[PDB]
Amino acid sequence: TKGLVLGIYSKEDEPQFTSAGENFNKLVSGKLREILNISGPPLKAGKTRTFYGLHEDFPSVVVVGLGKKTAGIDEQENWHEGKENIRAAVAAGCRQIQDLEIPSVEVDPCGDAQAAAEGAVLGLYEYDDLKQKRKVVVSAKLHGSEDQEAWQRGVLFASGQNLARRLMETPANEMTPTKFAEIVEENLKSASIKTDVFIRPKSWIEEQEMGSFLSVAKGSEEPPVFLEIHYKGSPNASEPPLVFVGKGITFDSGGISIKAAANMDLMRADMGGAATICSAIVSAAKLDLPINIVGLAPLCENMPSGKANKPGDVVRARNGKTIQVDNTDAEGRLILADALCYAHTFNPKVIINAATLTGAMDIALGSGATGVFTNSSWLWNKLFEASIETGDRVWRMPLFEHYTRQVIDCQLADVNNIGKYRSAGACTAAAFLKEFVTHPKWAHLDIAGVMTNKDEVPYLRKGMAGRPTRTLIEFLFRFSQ
Amino acid sequence: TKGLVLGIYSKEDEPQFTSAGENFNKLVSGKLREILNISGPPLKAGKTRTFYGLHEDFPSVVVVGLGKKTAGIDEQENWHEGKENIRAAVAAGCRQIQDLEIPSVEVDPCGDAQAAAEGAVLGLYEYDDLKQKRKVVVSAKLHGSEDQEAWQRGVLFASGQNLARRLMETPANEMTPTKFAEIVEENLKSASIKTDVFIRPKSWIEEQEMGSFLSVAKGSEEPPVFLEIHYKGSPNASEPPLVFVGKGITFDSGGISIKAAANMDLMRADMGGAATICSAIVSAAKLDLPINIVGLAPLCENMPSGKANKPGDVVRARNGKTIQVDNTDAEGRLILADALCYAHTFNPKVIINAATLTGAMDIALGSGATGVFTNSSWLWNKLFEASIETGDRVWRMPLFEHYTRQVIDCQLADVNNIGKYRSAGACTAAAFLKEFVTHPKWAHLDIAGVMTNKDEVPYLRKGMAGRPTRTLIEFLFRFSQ
Amino acid sequence: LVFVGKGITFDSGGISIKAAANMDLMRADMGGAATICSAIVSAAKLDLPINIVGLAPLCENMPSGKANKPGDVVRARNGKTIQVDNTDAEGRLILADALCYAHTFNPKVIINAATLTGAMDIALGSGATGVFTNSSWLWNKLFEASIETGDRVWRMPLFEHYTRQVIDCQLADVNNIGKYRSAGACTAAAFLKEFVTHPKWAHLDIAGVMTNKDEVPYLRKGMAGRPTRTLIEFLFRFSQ
Ligand SMILES: [Zn+2]
Ligand SMILES: [Zn+2]
Ligand SMILES: [Zn+2]
Ligand SMILES: [Zn+2]
Ligand SMILES: [Zn+2]
Ligand SMILES: [Zn+2]
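Below, the structure written as structure tokens:
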């Protein structure tokens with residue numbers, strides 16, 4: 001059987020159906036509006052109502068509130084409101100169809116086939132892999148034939164996100180460093196033949212003088228990996244690549260500066276930064292975006308042991324700078340210090356890194372937006388514009404020499420791994436990373452607060468969220484224009 | 001005797020003196036450069052060197068590094084760098100003159116008499132009032148006669164700040180609610196005859212239905228006050244006023260949600276918001292700025308007792324909204340809810356409030372900038388521009404409906420006093436306040452992280468800092484143009 | 245004369261793991277070895293006419309799958325069993341064997357130094373290092389030595405009162421931490437008394453004089469090296 005998701009707008016006499024809803028109402032000789040009318044209150048945005056037996060092929064029709072037809076970019080909220088309405092409403096419709104165990108659903112494009120595809124595929128996603136109680140996986144399809152490219156591009160963007168949620172969600176004993184490197188490799192090679200994957204072993208990592216990455220890694224028995232992803236999509240094979248770097252800690256216990264036990268299981272998602280940048284690169288190659296992109300993810304685990312990093316140790320990063328490890332839980336900093344050095348080798352046009360770096364970001368913006376520190380207002384503008392379309396917001400945070408001073412604490416080393424005071428922890432972790440970039444166009448995104456979803460963005464179940472993957476794909480999309 | 005502070009720029016053969024330094028070098032027949040040269044390394048920004056006996060009237064000459072003569076607005080740091088250099092350098096020079104107990108100092112204007120006045124008067128400030136060991140108070144004067152208005156306007160701006168540091172620093176048993184109201188009254192009436200002060204007692208406050216302010220206040224024995232300050236500086240006496248509101252908690256213990264003991268003494272500065280907006284209004288009236296300004300500061304103490312607010316209580320704000328007090332330490336929120344209602348009575352052109360609201364602001368930006376939440380980009384732009392001149396930065400933080408949802412937790416009341424989750428505490432405290440403003444141009448400044456100085460801004464001793472008072476005076480200055 | 249020094253090169257706490265805050269300073273838990281070895285290098289540069297042996301057990305204290313467990317009973321070189329109730333009271337354990345071995349040398353005097361206890365820091369907090377000694381003659385020579393150097397010593401009690409607190413049988417002859425939290429410096433020293441039979445032993449607890457901030461003006465802020473000159477000066481005068 002099929003289910004049909006149909007949208008309507010908020011209230015004229017009648018609140019308007021979409022063209023597809025209106026066309027369905029004519030095909031059932033006015034029944035759909037009749038029952039909608041005797042059924043109760045007008046549906047508002049994100050609200051659904053389900054009707055049965057109106058048509059032989061659609062035993063379940065779910066009508067969904069899209070909000071005001073007029074909705075556009077909201078200057079205060081910094082997103083396109085209308086598309087947010089369409090993702091929210093279609094996900095709520097689709098999820099009613101899966102609770103009735105119906106295996107396929109025709110979705111009305113609602114005026115924007117791309118965001119309706121994104122609502123349906125985000126909305127229906129689940130991670131029930133290691134459970135014996137799995138949900139019915141239903142397959143969403145565009146209702147109609149008129150903008151199947153826009154539907155399929157949304158399908159594409161919502162899967163990139165879903166790959167990243169899956170990557171993040173999987174338990175750390177399953178998603179080890181080589182296992183993640185293998186999933187990404189497999190996915191990237193299915194995306195395009197214009198790809199190259201290098202799963203670099205410890206041997207290579209130590210030939211590259213990556214001392215601060217290697218010192219995080221040694222306290223675990225799990226072999227680290229340096230994952231080098233290439234998408235050569237430019238016609239000019241010598242066109243300078245954009246490089247994405249991502250913190251891939253596959254589990255963070257804290258090391259010897261050990262984490263509290265409460266809710267420590269969420270640190271399986273400390274490789275969110277690698278999940279995010281690698282999924283956006285798989286999507287860019289599926290999209291055959293005409294640009295060269297390198298992806299760099301140092302993968303390792305941070306564990307207490309008799310060979311772990313000790314508070315006070317001084318390690319040497321690939322640029323020769325010494326780093327005093329004052330707290331072993333400020334490990335991503337260390338990892339990214341070498342990876343951001345290596346990023347420069349590629350002669351990049353742009354360097355963007357992503358990391359679940361700091362609980363300070365969560366106290367600061369708590370999932371309303373991911374924080375970005377950038378030395379370039381041009382980069383800031385392109386990322387900000389990219390998030391107005393996706394609804395997955397970005398908010399700029401300061402790169403002031405003020406926070407740098409706080410981490411240039413000599414004592415034994417050139418730089419300290421944690422700021423001198425507790426204040427502005429996101430700001431001093433970003434200033435730490437500035438010490439390893441000499442590039443005029445670098446952006447640091449702190450993903451820690453947008454790592455999980457509970458109820459905040461309606462089209463995502465409660466779980467690891469995969470954010471800001473579509474802001475990154477959209478940024479690449481527009482850049483390759 | 002007099003001391004003379006003279007500046008020089010960083011390195015040509017010779018690093019250049021200012022006109023005044025160069026003129027002094029000619030008056031001592033080349034001695035000053037001679038000794039500067041045999042004395043050691045070239046002074047860099049903020050560095051000083053002191054020379055004795057070059058001239059009969061100036062037994063101590065302190066030469067001060069101004070940095071690069073070319074310094075202007077820094078696009079990355081968002082301030083005028085050169086003026087920051089001049090405040091820093093002159094304060095370091097002036098403080099050498101006070102450590103030698105010299106009672107007067109001629110200060111070179113360094114190309115910007117206003118910032119050199121600001122360095123000297125900020126630099127030399129102290130709060131030693133209740134000590135028997137007091138510092139020599141030296142008197143800084145412009146070296147020369149050429150821009151005595153620019154010198155005196157800086158004197159004016161730096162005193163407004165110093166009034167606010169003094170207000171903040173004083174122990175809470177001395178700076179009670181009527182005592183603060185009396186200091187401000189006295190200062191405002193010395194500033195202009197175009198002023199009106201209303202120290203409103205409890206009787207008035209309860210006739211105005213200010214239930215959420217009154218419920219914070221009742222747990223202390225100290226009578227609360229509502230301070231209404233008017234500066235009628237406009238030619239049009241019916242010109243709509245700008246209104247400034249400020250949290251005046253004179254000591255915050257936490258109430259029944261009691262604070263930890265460690266460093267609780269700093270909550271004598273929880274009236275920083277009232278200190279800041281009242282000092283800027285005293286400065287605006289000294290400056291005879293042609294605008295109408297009302298200042299509103301609810302003053303009270305937050306103490307545990309047998310009549311204190313209890314976690315879970317529901318109080319009624321002046322607009323009739325009920326507020327569930329889930330945590331009694333989120334009291335400023337409550338106080339400001341009534342004051343921001345009353346602000347609307349004045350038919351204001353602009354509503355700006357300031358509050359040491361949240362330690363979450365300190366985790367977020369930690370004294371690199373004060374955070375501002377505003378529903379208007381026009382207000383944001385004027386405040387941001389104002390802080391480029393003063394060096395006392397502002398950084399915009401988001402007013403998203405996302406944080407509103409978190410505080411619209413019904414349960415017993417229309418709004419909860421703390422957000423549902425711990426995340427984004429600054430953002431949900433600001434969204435709480437949005438619930439009490441209907442004005443299209445409101446700005447909320449969270450002053451909590453810029454409350455203290457340790458070493459971060461060089462021209463301020465370690466202590467309560469009085470920030471962002473000059474950003475506010477400067478904003479008023481430009482608005483009255 | 246034999247000098248013994250705790251050389252823990254990093255102390256994490258083991259399984260009784262330290263809090264994260266400021267744990268980097270435990271790189272200085274070998275301060276006791278640093279102190280006694282530097283004084284012996286100085287005594288030989290000074291060609292002091294005496295025989296000096298220096299003994300420093302050096303190791304690291306880390307959590308792992310083979311680390312000491314709270315409750316374990318280990319056997320010291322004199323055959324006494326020691327119940328390790330808390331793995332962060334490790335220097336105690338280390339010094340127990342080293343102080344046994346010290347006796348082999350037939351020494352005139354046995355002095356050990358250790359950053360043993362944060363309880364010393366609560367007690368005297370860098371105004372002086374604490375010394376527990378069964379001899380007033382040793383106390384007098386060390387005290388006089390610190391009048392010259394300015395790097396003070398303050399005597400702390402070796403009462404059988406604190407011994408009783410650590411003679412808690414339960415599984416072992418001696419427990420590694422005192423029964424109550426009180427007098428932690430005093431019960432850690434009484435623990436060590438259980439391994440000395442020599443009539444002239446001094447225990448110096450160096451924990452509170454480990455760092456300098458502003459307290460003694462001629463030292464920058466950092467690890468301070470105290471009480472090294474009190475020890476050199478004591479040797480100097482002894483060799484007279
Ligand atoms: Zn960590
Ligand atoms: Zn981490
Ligand atoms: Zn409070
Ligand atoms: Zn407060
Ligand atoms: Zn220990
Ligand atoms: Zn130890």
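Residue numbers (the authors' numbering), protein chains in the order written: chain A, 1 to 11, 15 to 484; chain A', 1 to 11, 15 to 484; chain A'', 245 to 484. A prime marks a further copy of an entry chain.
Every residue, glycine too, gets a C-beta built ideally from N, C-alpha and C.
query: At a Cβ cut of 7 Å, what residues of the segment 377-407 of chain A count as close to chain A', listed as they run along the chain?
result: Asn378, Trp398, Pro401, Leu402, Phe403, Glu404, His405 and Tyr406
task: Would you check if the distance between the CB atom of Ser206 of chain A and the CB atom of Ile338 of chain A is smaller than 8 Å?
output: no
field: 8 Å Cβ shell around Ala311 of chain A'' - same chain, five flanking residues per side excluded
entry: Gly258, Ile259 and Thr331
message: Alpha carbons only, please: which of A:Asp255, A:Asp316 and A:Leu125 is nearest the one belonging to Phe254 of chain A''?
response: A:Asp316
- request: Could you tell me the boundaries of the beta strand (DSSP E) in which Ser286 of chain A lies?
  value: Looking at the DSSP string, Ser286 of chain A is not in any beta strand (DSSP E); the run it does join, the alpha helix (DSSP H), is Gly275 to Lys289.
- request: Give every residue of the same chain whose Cβ lies closer than 6 Å to the Cβ of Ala342 of chain A', excluding the five residues on either side of it in the sequence, and list them in chain order.
  value: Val248, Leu299 and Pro301
field: the segment 462-478 of chain A: positions lying closer than 9 Å to chain A' by Cβ
entry: none
query: Just to check, is the beta-carbon of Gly276 of chain A' closer than 7 Å to a non-hydrogen atom of ligand 4?
result: no
message: Please give me, in chain order, every unbroken run of the beta strand (DSSP E) with length at least 3 that falls completely inside the segment 218-256 of chain A'.
response: 228-235, 245-249 and 251-255
Assigned secondary structure, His447 of chain A'' (DSSP; H/G/I helix, E/B strand, else coil): strand
task: Check each candidate in A:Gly276, A:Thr431, A:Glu438 and A:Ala389 and name the one with the smallest Cα separation from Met171 of chain A.
output: A:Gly276
query: Comparing the CB of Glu189 of chain A with every heavy atom of ligand 5, is any distance shorter than 7 Å?
result: no
- prompt: Below 8 Å between beta carbons: does that hold for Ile391 of chain A' and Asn81 of chain A'?
  reply: yes
message: Please tell me whether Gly309 of chain A has its Cβ less than 8 Å away from any Cβ of chain A''.
response: yes
query: Is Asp255 of chain A near ligand 1, judged by its Cβ being under 7 Å from some heavy atom?
result: yes
- prompt: Would you say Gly469 of chain A'' touches ligand 5, meaning its beta carbon is less than 7 Å from a heavy atom?
  reply: no
task: Tell whether a beta-carbon distance below 8 Å holds between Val353 of chain A and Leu382 of chain A.
output: yes
message: Tell me the rounded alpha-carbon separation between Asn456 of chain A'' and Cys413 of chain A'.
response: 54 Å
field: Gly68 of chain A': first and last residue of the uninterrupted beta strand (DSSP E) it sits in
entry: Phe61 to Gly68
- prompt: Can you give, in chain order, each stretch of the beta strand (DSSP E) that sits fully within the segment 360-419 of chain A'' and has at least 3 residues?
  reply: 373-377 and 397-399
query: Which residue's Cα is closest to the Cα of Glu129 of chain A': A':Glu459, A':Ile186, A':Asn165 and A':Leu69?
result: A':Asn165
query: Can you round the beta-carbon distance between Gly126 of chain A and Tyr462 of chain A to whole angstroms, since I take them to be within the 8 Å contact cut?
result: 5 Å
- request: Leaving aside the five residues before and after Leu69 of chain A along the sequence, list all residues of the same chain whose C-beta is less than 7 Å from its C-beta, in chain order.
  value: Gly7, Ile8, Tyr9, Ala48, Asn88, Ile89, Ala92 and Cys113
- prompt: What residue range is occupied by the uninterrupted alpha helix (DSSP H) comprising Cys430 of chain A?
  reply: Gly428 to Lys437
Partner residues on chain A for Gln79 of chain A', Cβ-Cβ distance less than 7 Å: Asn378 and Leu402
- prompt: Rounded to a whole number of angstroms, what is the C-alpha to C-alpha distance between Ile294 of chain A'' and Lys250 of chain A''?
  reply: 23 Å
query: DSSP three-state call for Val187 of chain A': helix, strand or coil?
result: helix
- prompt: Using a Cβ-Cβ distance under 8 Å, would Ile326 of chain A count as near chain A''?
  reply: no
message: Any heavy atom of ligand 2 inside 7 Å of the beta-carbon of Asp365 of chain A?
response: no
query: Using CA coordinates, which residue listed in A:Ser426, A:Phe480, A:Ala433 and A:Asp365 is at the minimum distance from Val453 of chain A?
result: A:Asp365
message: Checking 8 Å against the spacing of the C-beta atoms, do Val124 of chain A and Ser162 of chain A come in under that value?
response: yes
message: Distance check for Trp154 of chain A and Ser148 of chain A, CA to CA, integer angstroms please.
response: 10 Å
- request: Compute the minimum distance between the beta carbon of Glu334 of chain A'' and the heavy atoms of ligand 6, and state whether it is under 7 Å.
  value: yes
- prompt: Touch check for the segment 402-410 of chain A' and the segment 462-479 of chain A': three-plus C-beta pairs under 8 Å?
  reply: no
message: Let me confirm a value: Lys50 of chain A' is counted as buried when at least 16 other C-beta atoms fall within 10 Å, else exposed. Which label applies?
response: buried
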